[PDB]
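>>> Experimental structure and its sequence below.
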Amino acid sequence: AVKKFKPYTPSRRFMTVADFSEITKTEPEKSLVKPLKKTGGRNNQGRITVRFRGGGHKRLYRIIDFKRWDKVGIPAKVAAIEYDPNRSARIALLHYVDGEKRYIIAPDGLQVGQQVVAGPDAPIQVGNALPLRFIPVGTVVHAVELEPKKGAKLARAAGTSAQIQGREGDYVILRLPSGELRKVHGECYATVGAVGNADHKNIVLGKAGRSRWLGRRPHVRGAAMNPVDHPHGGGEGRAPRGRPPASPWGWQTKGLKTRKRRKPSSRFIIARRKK
Amino acid sequence: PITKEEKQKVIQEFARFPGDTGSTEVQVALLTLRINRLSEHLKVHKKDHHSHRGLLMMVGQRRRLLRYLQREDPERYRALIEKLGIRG
RNA sequence: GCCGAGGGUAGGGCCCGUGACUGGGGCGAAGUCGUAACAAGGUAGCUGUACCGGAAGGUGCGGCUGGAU
RNA sequence: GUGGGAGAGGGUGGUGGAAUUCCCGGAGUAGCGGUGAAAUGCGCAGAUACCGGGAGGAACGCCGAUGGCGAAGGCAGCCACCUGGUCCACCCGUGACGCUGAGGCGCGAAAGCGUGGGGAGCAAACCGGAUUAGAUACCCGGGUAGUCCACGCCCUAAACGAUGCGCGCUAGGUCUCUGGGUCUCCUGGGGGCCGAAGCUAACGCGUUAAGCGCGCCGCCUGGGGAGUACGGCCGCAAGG
RNA sequence: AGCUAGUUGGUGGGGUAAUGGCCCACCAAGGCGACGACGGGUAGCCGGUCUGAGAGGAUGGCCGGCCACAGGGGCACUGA
RNA sequence: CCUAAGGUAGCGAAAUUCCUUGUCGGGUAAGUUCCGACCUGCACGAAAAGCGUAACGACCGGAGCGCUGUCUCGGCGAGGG
RNA sequence: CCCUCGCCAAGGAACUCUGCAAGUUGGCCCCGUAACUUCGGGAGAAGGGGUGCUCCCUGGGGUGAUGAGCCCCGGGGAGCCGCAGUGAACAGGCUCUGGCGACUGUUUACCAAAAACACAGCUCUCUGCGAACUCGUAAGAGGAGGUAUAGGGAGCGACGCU
RNA sequence: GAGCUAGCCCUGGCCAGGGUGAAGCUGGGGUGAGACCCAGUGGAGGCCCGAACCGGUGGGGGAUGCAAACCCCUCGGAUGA
Ligand SMILES: [Mg+2]
Ligand SMILES: [Mg+2]
Ligand SMILES: [Mg+2]
Ligand SMILES: [Mg+2]
Ligand SMILES: [Mg+2]
Ligand SMILES: [Mg+2]
Ligand SMILES: [Mg+2]
Ligand SMILES: [Mg+2]
Ligand SMILES: [Mg+2]
Ligand SMILES: [Mg+2]
Ligand SMILES: [Mg+2]
Ligand SMILES: [Mg+2]
Ligand SMILES: [Mg+2]
Ligand SMILES: [Mg+2]
Ligand SMILES: [Mg+2]
Ligand SMILES: [Mg+2]
Ligand SMILES: [Mg+2]
Ligand SMILES: [Mg+2]
Ligand SMILES: [Mg+2]
Ligand SMILES: [Mg+2]
Ligand SMILES: [Mg+2]
Ligand SMILES: [Mg+2]
Ligand SMILES: [Mg+2]
Ligand SMILES: [Mg+2]
Ligand SMILES: [Mg+2]
Ligand SMILES: [Mg+2]
Ligand SMILES: [Mg+2]
Ligand SMILES: [Mg+2]
Ligand SMILES: [Mg+2]
Ligand SMILES: [Mg+2]
Ligand SMILES: [Mg+2]
Ligand SMILES: [Mg+2]
Ligand SMILES: [Mg+2]
Ligand SMILES: [Mg+2]
Ligand SMILES: [Mg+2]
Ligand SMILES: [Mg+2]
Ligand SMILES: [Mg+2]
Ligand SMILES: [Mg+2]
Ligand SMILES: [Mg+2]
Ligand SMILES: [Mg+2]
Ligand SMILES: [Mg+2]
Ligand SMILES: [Mg+2]
Ligand SMILES: [Mg+2]
Ligand SMILES: [Mg+2]
Ligand SMILES: [Mg+2]
Ligand SMILES: [Mg+2]
Ligand SMILES: [Mg+2]
Ligand SMILES: [Mg+2]
Ligand SMILES: [Mg+2]
Ligand SMILES: [Mg+2]
Ligand SMILES: [Mg+2]
Ligand SMILES: [Mg+2]
Ligand SMILES: [Mg+2]
Ligand SMILES: [Mg+2]
Ligand SMILES: [Mg+2]
Ligand SMILES: [Mg+2]
Ligand SMILES: [Mg+2]
Ligand SMILES: [Mg+2]
Ligand SMILES: [Mg+2]
Ligand SMILES: [Mg+2]
Ligand SMILES: [Mg+2]
Ligand SMILES: [Mg+2]
Ligand SMILES: [Mg+2]
Ligand SMILES: [Mg+2]
Ligand SMILES: [Mg+2]
Ligand SMILES: [Mg+2]
Ligand SMILES: [Mg+2]
Ligand SMILES: [Mg+2]
Ligand SMILES: [Mg+2]
Ligand SMILES: [Mg+2]
Ligand SMILES: [Mg+2]
Ligand SMILES: [Mg+2]
Ligand SMILES: [Mg+2]
Ligand SMILES: [Mg+2]
Ligand SMILES: [Mg+2]
Ligand SMILES: [Mg+2]
Ligand SMILES: [Mg+2]
Ligand SMILES: [Mg+2]
Ligand SMILES: [Mg+2]
Ligand SMILES: [Mg+2]
Ligand SMILES: [Mg+2]
Ligand SMILES: [Mg+2]
Ligand SMILES: [Mg+2]
Ligand SMILES: [Mg+2]
Ligand SMILES: [Mg+2]
Ligand SMILES: [Mg+2]
Ligand SMILES: [Mg+2]
Ligand SMILES: [Mg+2]
Ligand SMILES: [Mg+2]
Ligand SMILES: [Mg+2]
Ligand SMILES: [Mg+2]
Ligand SMILES: [Mg+2]
Ligand SMILES: [Mg+2]
Ligand SMILES: [Mg+2]
Ligand SMILES: [Mg+2]
Ligand SMILES: [Mg+2]
Ligand SMILES: [Mg+2]
Ligand SMILES: [Mg+2]
Ligand SMILES: [Mg+2]
Ligand SMILES: [Mg+2]
Ligand SMILES: [Mg+2]
Ligand SMILES: [Mg+2]
Ligand SMILES: [Mg+2]
Ligand SMILES: [Mg+2]
Ligand SMILES: [Mg+2]
Ligand SMILES: [Mg+2]
Ligand SMILES: [Mg+2]
Ligand SMILES: [Mg+2]
Ligand SMILES: [Mg+2]
Ligand SMILES: [Mg+2]
Ligand SMILES: [Mg+2]
Ligand SMILES: [Mg+2]
Ligand SMILES: [Mg+2]
Ligand SMILES: [Mg+2]
Ligand SMILES: [Mg+2]
Ligand SMILES: [Mg+2]
Ligand SMILES: [Mg+2]
Ligand SMILES: [Mg+2]
Ligand SMILES: [Mg+2]
Ligand SMILES: [Mg+2]
Ligand SMILES: [Mg+2]
Ligand SMILES: [Mg+2]
Ligand SMILES: [Mg+2]
Ligand SMILES: [Mg+2]
Ligand SMILES: [Mg+2]
Ligand SMILES: [Mg+2]
Ligand SMILES: [Mg+2]
Ligand SMILES: [Mg+2]
Ligand SMILES: [Mg+2]
Ligand SMILES: [Mg+2]
Ligand SMILES: [Mg+2]
Ligand SMILES: [Mg+2]
Ligand SMILES: [Mg+2]
Ligand SMILES: [Mg+2]
Ligand SMILES: [Mg+2]
Ligand SMILES: [Mg+2]
Ligand SMILES: [Mg+2]
Ligand SMILES: [Mg+2]
Ligand SMILES: [Mg+2]
Ligand SMILES: [Mg+2]
Ligand SMILES: [Mg+2]
Ligand SMILES: [Mg+2]
Ligand SMILES: [Mg+2]
Ligand SMILES: [Mg+2]
Ligand SMILES: [Mg+2]
Ligand SMILES: [Mg+2]
Ligand SMILES: [Mg+2]
Ligand SMILES: [Mg+2]
Ligand SMILES: [Mg+2]
Ligand SMILES: [Mg+2]
Ligand SMILES: [Mg+2]
Ligand SMILES: [Mg+2]
Ligand SMILES: [Mg+2]
Ligand SMILES: [Mg+2]
Ligand SMILES: [Mg+2]
Ligand SMILES: [Mg+2]
Ligand SMILES: [Mg+2]
Ligand SMILES: [Mg+2]
Ligand SMILES: [Mg+2]
Ligand SMILES: [Mg+2]
Ligand SMILES: [Mg+2]
Ligand SMILES: [Mg+2]
Ligand SMILES: [Mg+2]
Ligand SMILES: [Mg+2]
Ligand SMILES: [Mg+2]
Ligand SMILES: [Mg+2]
Ligand SMILES: [Mg+2]
Ligand SMILES: [Mg+2]
Ligand SMILES: [Mg+2]
Ligand SMILES: [Mg+2]
Ligand SMILES: [Mg+2]
Ligand SMILES: [Mg+2]
Ligand SMILES: [Mg+2]
Ligand SMILES: [Mg+2]
Ligand SMILES: [Mg+2]
Ligand SMILES: [Mg+2]
Ligand SMILES: [Mg+2]
Ligand SMILES: [Mg+2]
Ligand SMILES: [Mg+2]
Ligand SMILES: [Mg+2]
Ligand SMILES: [Mg+2]
Ligand SMILES: [Mg+2]
Ligand SMILES: [Mg+2]
Ligand SMILES: [Mg+2]
Ligand SMILES: [Mg+2]
Ligand SMILES: [Mg+2]
Ligand SMILES: [Mg+2]
Ligand SMILES: [Mg+2]
Ligand SMILES: [Mg+2]
Ligand SMILES: [Mg+2]
Ligand SMILES: [Mg+2]
Ligand SMILES: [Mg+2]
Ligand SMILES: [Mg+2]
Ligand SMILES: [Mg+2]
Ligand SMILES: [Mg+2]
Ligand SMILES: [Mg+2]
Ligand SMILES: [Mg+2]
Ligand SMILES: [Mg+2]
Ligand SMILES: [Mg+2]
Ligand SMILES: [Mg+2]
Ligand SMILES: [Mg+2]
Ligand SMILES: [Mg+2]
Ligand SMILES: [Mg+2]
Ligand SMILES: [Mg+2]
Ligand SMILES: [Mg+2]
Ligand SMILES: [Mg+2]
Ligand SMILES: [Mg+2]
Ligand SMILES: [Mg+2]
Ligand SMILES: [Mg+2]
Ligand SMILES: [Mg+2]
Ligand SMILES: [Mg+2]
Ligand SMILES: [Mg+2]
Ligand SMILES: [Mg+2]
Ligand SMILES: [Mg+2]
Ligand SMILES: [Mg+2]
Ligand SMILES: [Mg+2]
Ligand SMILES: [Mg+2]
Ligand SMILES: [Mg+2]
Ligand SMILES: [Mg+2]
Ligand SMILES: [Mg+2]
Ligand SMILES: [Mg+2]
Ligand SMILES: [Mg+2]
Ligand SMILES: [Mg+2]
Ligand SMILES: [Mg+2]
């Protein structure tokens, strides 16, 4: 669901908020949080190197388990579902029967009070983790690793899912969230199901201030600048671009491909994306 | 569905005299039974418009008897709809 | 002293007359353009809707026979 | 009530194969495609035609019927669950509890709209080729909404049987679907055809009345202007 | 298509030949409406007249009855 | 005849109209501005977005009531110079 | 003569590029309030009545104790005075109608606050993650302890119909 | 050279008083169940009025200034970007 407001202020009229119904615990688990070093988009030189960043809400970072092959065969109960400010997706607090506690990103359908497990033998049900080779071809999956033991890299954002297409030797064939068709190694762990909070994309920020809370400062158009600042700078009155639309740094910005052609992972991408 | 057994209890708890099936009492009670189930069926299957007509007919059906029953013995009317929890 | 005809201030409601200009409508006709309908009317017709075209109209979708053979 | 029946009736969730398209491997060569005839188009940068692999979407061939179901719109592979109407036999229960229905409320083909998916085929708009006096068309090659899914809107129709619902009475023949019997046939309930009496301006209707009658409702009052204007209510808009 | 604050009723008084929210004070939350309230338009109503086979339709001048008005409004005085 | 193709809806004397105080209408006793129209748009036009839009504005136009030393048209008075 | 201020007969914007400036209005309580509308608003729209003091009668609340006292919020009646009762001080002038920008915001420190910038929102496009992109010769960093419902770049700028 | 200024990072602090009255919740109505309507409760918001605080709209003065940007009147924001 998504919550609307009555138009009692001009900005409320459009603003929509998340429904937060799946949340059962309004406090992060202390032994799993640590402080987020805000950067402002500035690097170790101090330079802005990603423009327009800063001034958002303070955040405590939740330590997530992107391995899971860490604890094969030890089951865990789903103790709660929590809000995580560092992602789109929601999180799930697991209490292992081991006694150890961990977070994973919360799949859609997960129940508070159910059980999950990881390993070659896990039942193919929501929340379990297996090497890709043992998940049946055709079932949809998330939190997928890209190389074995390297951590879950793909399908991590709310509502996303990858899907297994077929197999070819040591490798399985995934259709990624973007529609790209890729070979991933069969020993790459993955978690059955899709990520939850799929209603995320229907959120209407509603006013300038909301973006500000998110730590996103205002973006200024090239066309509004001067030639020193930007290719689109200057001109008397408004002006069309007057050259191929360009970035602040001059490269072409409508259409121009930038993936390195000789990149070694090319042997593994079957079909570049779509749409 | 409703089962034979499940239905008899209703027939048995509302019968006016030992052998009774289908007196106004039992009639309404039997109807209240299928109604309340269909209501729950439509609660999930919101797009089953055809079976809603059924419901509206039954709701209509039970309504006309209650008017009959309320007309002949008021004391008995309020008695049946209390045991069935019906007015609104 | 109250009420009080009415006068005055302010804001509302219904109606009537009228208005540069504008929308289609009726009639007039000895005008221009095409030929959509009535025969299978020369792409069967009509239809609600949608998009389009100088104009009758066309085409998509679904519907009707009030369609020749 | 008890006991049975037939059915594409409705909702949810799955799942099967035929075919079209695209992609991949093979093998193969100079054309393929299309029309009235053609051109556009595609093709030696290897098409068509053929074999194997794969991806995805939509619609269900034969059965299929002058058939079945639904109040209407409408509903067709198959599987399970949930659910509605309806017929039959027994003559067991209630005892006129009935009929209709201004407002109201719900349902309501297609197209259309909103947010999000999906997009193989088809295809308004649009482009190109032909035809032609012209061709903003008919024919051919392309092609976007949309057609599909979810939720929410719109509420219109040649939404038709151009025939409001219920009840009773008034010859029969025949074909068919579906219950029940004493299974030639008898009896119910639906679907067609021809016909008694009667009705009708005629065409035609005729136990599925458009016949003879009662009840209640909706509707008509010369053609156009006009389903327009104004007012009013509804809708995001279209517009009702 | 909804209307109503003297509004609807009660009590106490004022007022008249006399009842009455007719008028005033207080008290209660009521009164009217699809059997068409409220609003807009039009008209004085009837005996009758005209037409019509009747049912009905149209009408209300003259004449008789009642009402309303007396330049437009408001008010009282004298008085059975 | 020419083109790769010849501006669609909507809007238009406009923050855009040169001729220009275009023409007509409204408002005024009188209106180069303002509002409503017309269209031969010098030189609008569809995300350098097009046409609208309730609310908002120390933005920029036009009008009216109220009230005033803004003005007719100036006068006197106070205080600091 | 100047500045700051006070008042002014009759007129009342005739001033001027412009009502510039200055009048007016001004708090609370009560009555009342239009087009249009995204149904919130427009709205303090507008317009108007009240406002001091004295006496008599009475209602609820707090702290007490359930009462006195103290404090809070009222109601009704009859009277007094002045030109005048938010008697001083602080305290909106209003309305109709176009353009531009949806809106709150931001800006040329010190001649421009705007119609400019930003803005939610729309679209195109890049990026499979040792991402693209950015800074750095490099190492290392940001991106991001994020992962296509995510991140960069660009144009447009609520919303409606396009 | 970032003791001015601009952005960010870490850690503290501040915003009188009044007004409007979102969702939610409770009760009542409505219905087959609903949608929903009403009342109370409630206290939302780049909400409203206005001090501090942050500004700098118009006008006047100042102009070898009180001041190398000030003064007066007026005006914008004031729980938020
Ligand atoms: Mg949810
Ligand atoms: Mg909202
Ligand atoms: Mg709300
Ligand atoms: Mg809401
Ligand atoms: Mg508002
Ligand atoms: Mg708004
Ligand atoms: Mg969220
Ligand atoms: Mg959120
Ligand atoms: Mg949630
Ligand atoms: Mg710690
Ligand atoms: Mg960190
Ligand atoms: Mg460092
Ligand atoms: Mg350094
Ligand atoms: Mg950057
Ligand atoms: Mg930054
Ligand atoms: Mg979260
Ligand atoms: Mg968004
Ligand atoms: Mg944040
Ligand atoms: Mg952004
Ligand atoms: Mg910008
Ligand atoms: Mg600019
Ligand atoms: Mg500039
Ligand atoms: Mg520079
Ligand atoms: Mg340079
Ligand atoms: Mg440059
Ligand atoms: Mg430029
Ligand atoms: Mg410049
Ligand atoms: Mg420029
Ligand atoms: Mg210039
Ligand atoms: Mg510029
Ligand atoms: Mg220019
Ligand atoms: Mg510019
Ligand atoms: Mg421009
Ligand atoms: Mg330029
Ligand atoms: Mg350009
Ligand atoms: Mg240029
Ligand atoms: Mg150029
Ligand atoms: Mg890799
Ligand atoms: Mg029944
Ligand atoms: Mg009843
Ligand atoms: Mg009076
Ligand atoms: Mg008067
Ligand atoms: Mg007088
Ligand atoms: Mg006219
Ligand atoms: Mg005319
Ligand atoms: Mg005319
Ligand atoms: Mg013809
Ligand atoms: Mg034809
Ligand atoms: Mg034709
Ligand atoms: Mg059509
Ligand atoms: Mg033409
Ligand atoms: Mg066409
Ligand atoms: Mg039909
Ligand atoms: Mg091949
Ligand atoms: Mg060759
Ligand atoms: Mg093949
Ligand atoms: Mg049938
Ligand atoms: Mg019997
Ligand atoms: Mg009805
Ligand atoms: Mg429909
Ligand atoms: Mg449709
Ligand atoms: Mg459209
Ligand atoms: Mg759609
Ligand atoms: Mg779409
Ligand atoms: Mg063509
Ligand atoms: Mg041609
Ligand atoms: Mg053509
Ligand atoms: Mg074609
Ligand atoms: Mg569309
Ligand atoms: Mg559609
Ligand atoms: Mg038919
Ligand atoms: Mg029929
Ligand atoms: Mg009809
Ligand atoms: Mg007819
Ligand atoms: Mg009827
Ligand atoms: Mg009839
Ligand atoms: Mg039989
Ligand atoms: Mg049988
Ligand atoms: Mg039969
Ligand atoms: Mg049939
Ligand atoms: Mg016949
Ligand atoms: Mg005969
Ligand atoms: Mg027969
Ligand atoms: Mg007839
Ligand atoms: Mg006539
Ligand atoms: Mg007529
Ligand atoms: Mg209409
Ligand atoms: Mg119509
Ligand atoms: Mg209208
Ligand atoms: Mg009275
Ligand atoms: Mg009184
Ligand atoms: Mg009159
Ligand atoms: Mg009269
Ligand atoms: Mg006659
Ligand atoms: Mg008369
Ligand atoms: Mg007369
Ligand atoms: Mg007389
Ligand atoms: Mg009189
Ligand atoms: Mg006279
Ligand atoms: Mg007189
Ligand atoms: Mg008189
Ligand atoms: Mg006398
Ligand atoms: Mg070309
Ligand atoms: Mg013009
Ligand atoms: Mg002019
Ligand atoms: Mg203009
Ligand atoms: Mg204009
Ligand atoms: Mg111009
Ligand atoms: Mg000019
Ligand atoms: Mg000029
Ligand atoms: Mg002149
Ligand atoms: Mg002139
Ligand atoms: Mg004039
Ligand atoms: Mg003037
Ligand atoms: Mg004039
Ligand atoms: Mg003039
Ligand atoms: Mg002017
Ligand atoms: Mg000017
Ligand atoms: Mg004009
Ligand atoms: Mg001209
Ligand atoms: Mg322009
Ligand atoms: Mg630009
Ligand atoms: Mg452009
Ligand atoms: Mg713009
Ligand atoms: Mg405009
Ligand atoms: Mg605009
Ligand atoms: Mg506006
Ligand atoms: Mg503003
Ligand atoms: Mg402003
Ligand atoms: Mg004045
Ligand atoms: Mg003077
Ligand atoms: Mg002097
Ligand atoms: Mg003096
Ligand atoms: Mg002096
Ligand atoms: Mg002096
Ligand atoms: Mg004076
Ligand atoms: Mg005077
Ligand atoms: Mg004046
Ligand atoms: Mg005056
Ligand atoms: Mg002058
Ligand atoms: Mg002025
Ligand atoms: Mg001023
Ligand atoms: Mg003053
Ligand atoms: Mg004051
Ligand atoms: Mg003032
Ligand atoms: Mg008005
Ligand atoms: Mg409103
Ligand atoms: Mg206004
Ligand atoms: Mg006031
Ligand atoms: Mg106003
Ligand atoms: Mg006042
Ligand atoms: Mg005193
Ligand atoms: Mg205390
Ligand atoms: Mg006390
Ligand atoms: Mg006052
Ligand atoms: Mg005084
Ligand atoms: Mg003072
Ligand atoms: Mg003073
Ligand atoms: Mg004020
Ligand atoms: Mg003023
Ligand atoms: Mg106005
Ligand atoms: Mg203005
Ligand atoms: Mg102008
Ligand atoms: Mg504008
Ligand atoms: Mg601006
Ligand atoms: Mg602005
Ligand atoms: Mg706007
Ligand atoms: Mg803004
Ligand atoms: Mg603000
Ligand atoms: Mg404000
Ligand atoms: Mg502002
Ligand atoms: Mg601004
Ligand atoms: Mg400067
Ligand atoms: Mg400045
Ligand atoms: Mg400077
Ligand atoms: Mg400077
Ligand atoms: Mg400067
Ligand atoms: Mg200055
Ligand atoms: Mg400035
Ligand atoms: Mg400003
Ligand atoms: Mg300034
Ligand atoms: Mg700026
Ligand atoms: Mg801007
Ligand atoms: Mg937009
Ligand atoms: Mg979107
Ligand atoms: Mg560099
Ligand atoms: Mg470098
Ligand atoms: Mg590093
Ligand atoms: Mg790194
Ligand atoms: Mg990091
Ligand atoms: Mg990321
Ligand atoms: Mg904007
Ligand atoms: Mg902007
Ligand atoms: Mg712009
Ligand atoms: Mg609108
Ligand atoms: Mg600093
Ligand atoms: Mg500093
Ligand atoms: Mg801190
Ligand atoms: Mg504050
Ligand atoms: Mg405050
Ligand atoms: Mg406060
Ligand atoms: Mg609560
Ligand atoms: Mg409730
Ligand atoms: Mg409430
Ligand atoms: Mg309160
Ligand atoms: Mg508040
Ligand atoms: Mg604020
Ligand atoms: Mg505020
Ligand atoms: Mg405020
Ligand atoms: Mg302080
Ligand atoms: Mg400061
Ligand atoms: Mg500043
Ligand atoms: Mg200043
Ligand atoms: Mg001033
Ligand atoms: Mg100055
Ligand atoms: Mg100054
Ligand atoms: Mg200076
Ligand atoms: Mg000051
Ligand atoms: Mg102030
Ligand atoms: Mg202030
Ligand atoms: Mg304020
Ligand atoms: Mg505030
Ligand atoms: Mg805060
Ligand atoms: Mg903040």
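Received, thanks. Numbering: from 1, shown residues only, chains lettered A, B, ... in the order given. Ligands and ions are numbered 1, 2, ... in the order given.
>>> Can you get me a residue count around residue B:42?
16 (other C-beta atoms under 10 Å in any protein chain shown). Every C-beta, even on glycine, is put in place using the N, C-alpha and C of the backbone.
>>> How is it classified with respect to secondary structure?
Assigned by DSSP: H, G, I helix; E, B strand; the rest coil, the conformation of residue B:42 is helix.
>>> so what's it up against?
B:48, B:51-52, B:55 (C-beta atoms under 8 Å, 6 or more residues apart in numbering or on different chains).
>>> nearest residue to the residue of the stretch 51-200 of chain A found nearest ligand 6 other than its sequence neighbours?
Going by C-beta to the ion, ligand 6 is nearest to residue A:199 of the stretch 51-200 of chain A, at 23.7 Å. Distances taken as C-beta to C-beta, 6 or more residues apart in numbering or on different chains place residue A:2 nearest to residue A:199, at 5.5 Å, with adjacent residues excluded.
>>> do residue A:122 as well
Residue A:122 sits nearest to residue A:128 (C-beta to C-beta, 6+ apart), 3.8 Å away.
>>> which residues touch residue A:36?
A:58-61, A:86 are the contacts of residue A:36 under C-beta under 8 Å, 6+ apart.
>>> Also near ligand 6: which of the residues you listed, exactly?
Contacts with ligand 6 are made by none of the contacts of residue A:36, judged by C-beta under 5 Å from the ion.
>>> Tell me the secondary structure at residue B:19.
At residue B:19 the chain is in coil, as set by three-state DSSP.
>>> From the centre of chain A, point out the most distant residue.
residue A:236 (42.4 Å; C-alpha atoms, centre = their mean).
>>> Is that one within a helix or a strand, and which one?
If you go by DSSP states H and E, residue A:236 is not part of any helix or strand.
>>> could you measure it against residue A:222, distance?
16 Å (C-beta to C-beta, to the nearest Å).
>>> if I look at the residue nearest to residue A:107 when sequence neighbours are not counted, how far off is residue A:92?
Counting by C-beta to C-beta, 6+ apart, residue A:107 lies nearest to residue A:193, which is 3.8 Å off, once chain neighbours are set aside. Distance, residue A:193 to residue A:92, using C-beta to C-beta: 11 Å.
>>> These two: who's more crowded?
Using other C-beta under 10 Å as the criterion, residue A:193 and residue A:92 rank with residue A:92 on top: 29 against 22.
>>> what helix or strand is that one on?
With DSSP H and E as the test, residue A:92 turns up in strand A:91-96.
>>> Wait, a strand at residue A:102?
Yes - in this structure, residue A:102 lies within a strand as judged by three-state DSSP.
>>> That one contacts residue A:62, doesn't it?
No - checked against C-beta atoms under 8 Å, the pair residue A:102 and residue A:62 is beyond contact range at 10.5 Å.
>>> Pull out the buried residues from stretch A:139-153.
A:141-146, A:152 (16 or more other C-beta atoms under 10 Å in any protein chain shown).
>>> and the residue in chain A that ligand 7 sits nearest to, how many neighbours?
Closest to ligand 7 within chain A is residue A:18: 3.5 Å, counting by C-beta to the ion. A count of neighbours around residue A:18, defined by other C-beta under 10 Å, yields 18.
>>> Any idea what it is bridged to?
Under the criterion DSSP bridges, residue A:18 forms beta bridges with residue A:2.
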